Amino acid sequence: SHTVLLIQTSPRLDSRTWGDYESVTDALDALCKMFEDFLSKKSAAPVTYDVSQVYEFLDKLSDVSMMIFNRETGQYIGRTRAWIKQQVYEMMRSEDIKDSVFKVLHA
Amino acid sequence: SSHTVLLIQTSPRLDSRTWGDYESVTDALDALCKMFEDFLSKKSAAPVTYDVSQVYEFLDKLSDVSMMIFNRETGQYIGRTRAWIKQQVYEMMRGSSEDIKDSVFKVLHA
């Protein structure tokens with residue numbers, strides 16, 4: 001299921017970027033890599049994390065949503081921040097954020 | 001009338017992928033025309049008139065351009081790619097790599 005990840009890192013409209021993926025799994029795993037690249041880029045230390053932190057990470061993004069291709073309808077399903085948080089949660093068990101986003105999104 | 005996401009990648013670089021969203025397909029198509037018009041205005045010395053064929057070649061310089069258009073009947077988004085967008089721009093009209101990114105960002109991001 002082809003998936004487009006729409007991210008806006010700051011309140012500026014020109015911080016809107018996107019990446020696309022072969023499946024939601026990879027798109028959500030991309031967000032997880034962004035998060036743990038961000039938390040690692042924040043401590044001079046090997047850091048562990050709470051659940052509240054992955055949620056706060058996603059809430060620091062001014063905008064984040066996914067377009068997920070549904071092969072039964074040939075159309076994209078739109079999922080917003082609430083859904084993505086839940087998904088990122090169940091998988092995981094300030095211009096410094098833009099660098100974390102661009103690291104995984106565009107490389 | 002129906003919400004539209006405009007996806008653009010101005011150049012081969014992945015970091016050049018950007019987007020805007022619009023309340024209307026017409027707004028999204030209009031936005032692409034204003035990107036071209038901005039691009040046209042930077043030419044050294046050109047005629048004051050343009051053909052749709054020049055709007056085509058502008059869309060052909062983008063590495064990627066597509067639209068996701070909200071289907072009010074299904075609540076999902078129909079994807080539409082460059083050739084469809086060209087035909088819609090054409091229908092509307094009858095009614096450098098750094099310079100191309102600049103023109104896109106100027107219109108797409110206000």
# chains A, B, ... in the order shown; residues from 1 in each chain; ligands from 1
>>> residues_around(residues="stretch 35-44 of chain B", least_positions_apart="2", cutoff="8 Å", atoms="only C-alpha atoms", output="MDAnalysis selection string")
chainID B and resid 31:33 46 55 58 99:100 103:104 106:108
>>> closest_atom_pairs(of="chain A", to="chain B", cutoff="9 Å", atoms="only C-alpha atoms", output="tab-separated table")
residue	atom	partner	partner_atom	distance
A:6	CA	B:19	CA	7.9
A:12	CA	B:109	CA	8.1
A:13	CA	B:109	CA	5.1
A:14	CA	B:109	CA	5.4
A:15	CA	B:18	CA	8.2
A:16	CA	B:18	CA	5.7
A:17	CA	B:18	CA	4.3
A:18	CA	B:17	CA	5.9
A:19	CA	B:17	CA	7.4
A:67	CA	B:77	CA	8.2
A:69	CA	B:77	CA	8.8
A:70	CA	B:76	CA	9.0
A:73	CA	B:76	CA	8.7
A:74	CA	B:78	CA	7.4
A:75	CA	B:78	CA	4.9
A:76	CA	B:77	CA	4.8
A:77	CA	B:76	CA	5.2
A:78	CA	B:76	CA	6.9
A:102	CA	B:15	CA	7.1
A:105	CA	B:15	CA	7.9
A:106	CA	B:14	CA	4.9
A:107	CA	B:14	CA	7.3
>>> write_last_selection(atoms="N, CA and C atoms", output="PDB file, in the first residue's frame")
ATOM      1  N   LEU A   6       3.145  13.232   4.786  1.00  0.00           N
ATOM      2  CA  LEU A   6       3.146  14.688   4.734  1.00  0.00           C
ATOM      3  C   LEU A   6       3.568  15.237   6.090  1.00  0.00           C
ATOM      4  N   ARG A  12       6.128  27.588   9.485  1.00  0.00           N
ATOM      5  CA  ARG A  12       6.316  28.141   8.151  1.00  0.00           C
ATOM      6  C   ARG A  12       5.791  27.170   7.110  1.00  0.00           C
ATOM      7  N   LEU A  13       5.026  27.691   6.150  1.00  0.00           N
ATOM      8  CA  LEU A  13       4.510  26.832   5.092  1.00  0.00           C
ATOM      9  C   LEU A  13       5.637  26.218   4.273  1.00  0.00           C
ATOM     10  N   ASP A  14       6.807  26.864   4.234  1.00  0.00           N
ATOM     11  CA  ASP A  14       7.917  26.329   3.454  1.00  0.00           C
ATOM     12  C   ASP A  14       8.678  25.235   4.183  1.00  0.00           C
ATOM     13  N   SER A  15       8.237  24.847   5.380  1.00  0.00           N
ATOM     14  CA  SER A  15       8.771  23.678   6.061  1.00  0.00           C
ATOM     15  C   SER A  15       8.008  22.413   5.701  1.00  0.00           C
ATOM     16  N   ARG A  16       7.025  22.515   4.806  1.00  0.00           N
ATOM     17  CA  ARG A  16       6.279  21.347   4.364  1.00  0.00           C
ATOM     18  C   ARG A  16       7.126  20.522   3.403  1.00  0.00           C
ATOM     19  N   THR A  17       7.344  19.258   3.758  1.00  0.00           N
ATOM     20  CA  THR A  17       8.057  18.308   2.918  1.00  0.00           C
ATOM     21  C   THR A  17       7.293  16.991   2.944  1.00  0.00           C
ATOM     22  N   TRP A  18       7.677  16.067   2.064  1.00  0.00           N
ATOM     23  CA  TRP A  18       7.020  14.770   2.053  1.00  0.00           C
ATOM     24  C   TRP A  18       7.990  13.675   1.632  1.00  0.00           C
ATOM     25  N   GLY A  19       7.625  12.451   2.004  1.00  0.00           N
ATOM     26  CA  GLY A  19       8.272  11.267   1.481  1.00  0.00           C
ATOM     27  C   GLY A  19       7.211  10.219   1.229  1.00  0.00           C
ATOM     28  N   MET A  67      -1.181   9.741   3.512  1.00  0.00           N
ATOM     29  CA  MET A  67      -2.089   9.293   2.467  1.00  0.00           C
ATOM     30  C   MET A  67      -1.731   7.855   2.127  1.00  0.00           C
ATOM     31  N   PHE A  69      -2.668   4.357   0.140  1.00  0.00           N
ATOM     32  CA  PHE A  69      -3.389   3.807  -0.993  1.00  0.00           C
ATOM     33  C   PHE A  69      -4.164   2.562  -0.583  1.00  0.00           C
ATOM     34  N   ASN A  70      -5.457   2.551  -0.900  1.00  0.00           N
ATOM     35  CA  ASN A  70      -6.332   1.417  -0.627  1.00  0.00           C
ATOM     36  C   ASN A  70      -6.557   0.692  -1.947  1.00  0.00           C
ATOM     37  N   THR A  73     -10.187   0.237  -3.392  1.00  0.00           N
ATOM     38  CA  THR A  73     -10.868   1.377  -3.989  1.00  0.00           C
ATOM     39  C   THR A  73     -10.018   2.150  -4.983  1.00  0.00           C
ATOM     40  N   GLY A  74      -8.723   1.866  -5.071  1.00  0.00           N
ATOM     41  CA  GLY A  74      -7.854   2.660  -5.919  1.00  0.00           C
ATOM     42  C   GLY A  74      -7.720   4.106  -5.497  1.00  0.00           C
ATOM     43  N   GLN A  75      -7.988   4.414  -4.230  1.00  0.00           N
ATOM     44  CA  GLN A  75      -7.934   5.781  -3.734  1.00  0.00           C
ATOM     45  C   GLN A  75      -7.139   5.804  -2.433  1.00  0.00           C
ATOM     46  N   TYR A  76      -6.691   6.992  -2.044  1.00  0.00           N
ATOM     47  CA  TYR A  76      -5.836   7.142  -0.874  1.00  0.00           C
ATOM     48  C   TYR A  76      -6.676   7.460   0.351  1.00  0.00           C
ATOM     49  N   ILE A  77      -6.399   6.775   1.455  1.00  0.00           N
ATOM     50  CA  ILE A  77      -7.057   7.073   2.727  1.00  0.00           C
ATOM     51  C   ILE A  77      -6.193   8.059   3.501  1.00  0.00           C
ATOM     52  N   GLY A  78      -6.819   9.103   4.043  1.00  0.00           N
ATOM     53  CA  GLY A  78      -6.118  10.125   4.784  1.00  0.00           C
ATOM     54  C   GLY A  78      -6.171   9.889   6.285  1.00  0.00           C
ATOM     55  N   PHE A 102      14.561  15.463   7.994  1.00  0.00           N
ATOM     56  CA  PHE A 102      15.210  15.374   6.691  1.00  0.00           C
ATOM     57  C   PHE A 102      16.205  14.223   6.628  1.00  0.00           C
ATOM     58  N   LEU A 105      13.741  11.169   5.961  1.00  0.00           N
ATOM     59  CA  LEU A 105      12.836  11.416   4.840  1.00  0.00           C
ATOM     60  C   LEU A 105      13.572  11.410   3.507  1.00  0.00           C
ATOM     61  N   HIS A 106      14.726  12.078   3.442  1.00  0.00           N
ATOM     62  CA  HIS A 106      15.394  12.394   2.182  1.00  0.00           C
ATOM     63  C   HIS A 106      16.799  11.811   2.102  1.00  0.00           C
ATOM     64  N   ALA A 107      16.961  10.562   2.515  1.00  0.00           N
ATOM     65  CA  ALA A 107      18.244   9.883   2.390  1.00  0.00           C
ATOM     66  C   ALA A 107      18.045   8.384   2.546  1.00  0.00           C
TER      67      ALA A 107
END
>>> select_by_dssp(residues="chain A", states="strand (DSSP E or B)", output="NGL selection string")
:A and (3-8 or 16-21 or 63-70 or 75-79)
>>> residues_around(residues="stretch 43-58 of chain A", least_positions_apart="6", cutoff="12 Å", atoms="only C-alpha atoms", output="number ranges by chain")
A: 7-9, 28, 31-37, 64-65, 80-94, 96-98, 100-101
>>> write_last_selection(atoms="N, CA, C and O atoms", output="short mmCIF file (atom, residue, chain, number, x, y, z; two decimals), in the first residue's frame")
data_model
loop_
_atom_site.label_atom_id
_atom_site.label_comp_id
_atom_site.auth_asym_id
_atom_site.auth_seq_id
_atom_site.Cartn_x
_atom_site.Cartn_y
_atom_site.Cartn_z
N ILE A 7 4.65 16.01 6.11
CA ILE A 7 5.17 16.58 7.34
C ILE A 7 5.36 18.07 7.13
O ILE A 7 5.79 18.51 6.06
N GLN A 8 5.02 18.85 8.15
CA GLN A 8 5.39 20.26 8.23
C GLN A 8 6.07 20.46 9.58
O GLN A 8 5.43 20.30 10.62
N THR A 9 7.36 20.79 9.57
CA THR A 9 8.15 20.75 10.80
C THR A 9 7.98 22.02 11.63
O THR A 9 8.01 21.97 12.87
N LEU A 28 5.55 4.45 8.95
CA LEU A 28 5.54 4.61 10.40
C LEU A 28 6.91 4.33 10.99
O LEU A 28 7.32 4.96 11.97
N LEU A 31 8.90 7.44 10.74
CA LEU A 31 8.63 8.32 11.88
C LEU A 31 9.38 7.86 13.13
O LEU A 31 9.92 8.69 13.88
N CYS A 32 9.41 6.55 13.39
CA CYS A 32 10.14 6.06 14.56
C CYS A 32 11.62 6.38 14.45
O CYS A 32 12.25 6.76 15.44
N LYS A 33 12.20 6.22 13.25
CA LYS A 33 13.60 6.58 13.07
C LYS A 33 13.81 8.07 13.29
O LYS A 33 14.78 8.48 13.94
N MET A 34 12.90 8.90 12.77
CA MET A 34 12.97 10.33 13.02
C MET A 34 12.99 10.63 14.51
O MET A 34 13.87 11.36 15.00
N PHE A 35 12.05 10.04 15.25
CA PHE A 35 11.96 10.25 16.70
C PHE A 35 13.26 9.85 17.39
O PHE A 35 13.86 10.66 18.12
N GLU A 36 13.71 8.61 17.19
CA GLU A 36 14.90 8.18 17.91
C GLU A 36 16.17 8.81 17.36
O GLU A 36 17.17 8.87 18.09
N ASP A 37 16.17 9.31 16.12
CA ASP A 37 17.29 10.14 15.72
C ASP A 37 17.25 11.48 16.44
O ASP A 37 18.30 12.04 16.79
N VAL A 64 1.35 16.74 10.54
CA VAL A 64 1.81 15.43 10.08
C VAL A 64 0.60 14.57 9.74
O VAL A 64 -0.35 14.47 10.53
N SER A 65 0.62 13.95 8.56
CA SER A 65 -0.50 13.12 8.13
C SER A 65 0.01 12.17 7.06
O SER A 65 1.11 12.34 6.53
N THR A 80 -4.65 11.25 10.04
CA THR A 80 -4.14 12.45 10.68
C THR A 80 -3.37 12.09 11.94
O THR A 80 -3.13 10.92 12.24
N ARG A 81 -3.00 13.13 12.70
CA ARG A 81 -2.05 12.98 13.79
C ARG A 81 -2.53 12.00 14.86
O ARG A 81 -1.74 11.23 15.40
N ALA A 82 -3.83 12.02 15.18
CA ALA A 82 -4.35 11.13 16.22
C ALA A 82 -4.11 9.67 15.85
O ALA A 82 -3.57 8.90 16.65
N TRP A 83 -4.52 9.27 14.64
CA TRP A 83 -4.31 7.91 14.17
C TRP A 83 -2.83 7.53 14.15
O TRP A 83 -2.44 6.46 14.61
N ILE A 84 -1.99 8.42 13.60
CA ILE A 84 -0.57 8.12 13.45
C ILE A 84 0.08 7.89 14.81
O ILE A 84 0.92 7.00 14.98
N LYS A 85 -0.28 8.71 15.80
CA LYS A 85 0.23 8.51 17.15
C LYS A 85 -0.07 7.11 17.64
O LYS A 85 0.82 6.40 18.12
N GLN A 86 -1.34 6.69 17.53
CA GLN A 86 -1.73 5.34 17.95
C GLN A 86 -0.87 4.29 17.26
O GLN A 86 -0.36 3.37 17.91
N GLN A 87 -0.72 4.43 15.94
CA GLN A 87 0.05 3.45 15.18
C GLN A 87 1.51 3.47 15.59
O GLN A 87 2.09 2.42 15.90
N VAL A 88 2.12 4.66 15.61
CA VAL A 88 3.51 4.77 16.06
C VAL A 88 3.65 4.20 17.47
O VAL A 88 4.66 3.55 17.79
N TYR A 89 2.63 4.38 18.30
CA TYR A 89 2.69 3.82 19.65
C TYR A 89 2.74 2.30 19.60
O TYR A 89 3.59 1.68 20.26
N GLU A 90 1.83 1.67 18.86
CA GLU A 90 1.76 0.22 18.93
C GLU A 90 2.92 -0.45 18.20
O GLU A 90 3.14 -1.64 18.41
N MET A 91 3.66 0.30 17.39
CA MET A 91 4.88 -0.19 16.76
C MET A 91 6.08 -0.07 17.70
O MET A 91 7.02 -0.88 17.61
N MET A 92 6.05 0.91 18.58
CA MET A 92 7.14 1.14 19.51
C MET A 92 6.94 0.56 20.91
O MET A 92 6.58 1.29 21.81
N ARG A 93 7.21 -0.71 21.13
CA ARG A 93 7.07 -1.22 22.49
C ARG A 93 8.20 -2.17 22.86
O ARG A 93 9.25 -1.76 23.32
N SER A 94 12.88 25.88 17.79
CA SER A 94 13.39 24.53 17.56
C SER A 94 13.41 24.17 16.08
O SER A 94 12.42 23.72 15.51
N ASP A 96 15.94 22.09 15.30
CA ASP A 96 16.62 20.81 15.42
C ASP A 96 15.74 19.63 15.01
O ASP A 96 16.27 18.56 14.70
N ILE A 97 14.42 19.81 15.00
CA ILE A 97 13.54 18.72 14.58
C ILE A 97 13.55 18.57 13.05
O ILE A 97 13.39 17.46 12.54
N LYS A 98 13.73 19.67 12.31
CA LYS A 98 13.78 19.57 10.86
C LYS A 98 14.94 18.70 10.39
O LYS A 98 14.81 17.97 9.41
N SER A 100 16.24 16.16 12.00
CA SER A 100 15.86 14.77 12.22
C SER A 100 14.90 14.30 11.13
O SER A 100 15.06 13.19 10.60
N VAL A 101 13.94 15.14 10.75
CA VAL A 101 12.98 14.76 9.70
C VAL A 101 13.70 14.52 8.39
O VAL A 101 13.49 13.51 7.72
#
>>> closest_residue(among="A:3, A:25, A:60, A:66", to="residue A:38", atoms="only C-alpha atoms")
A:60
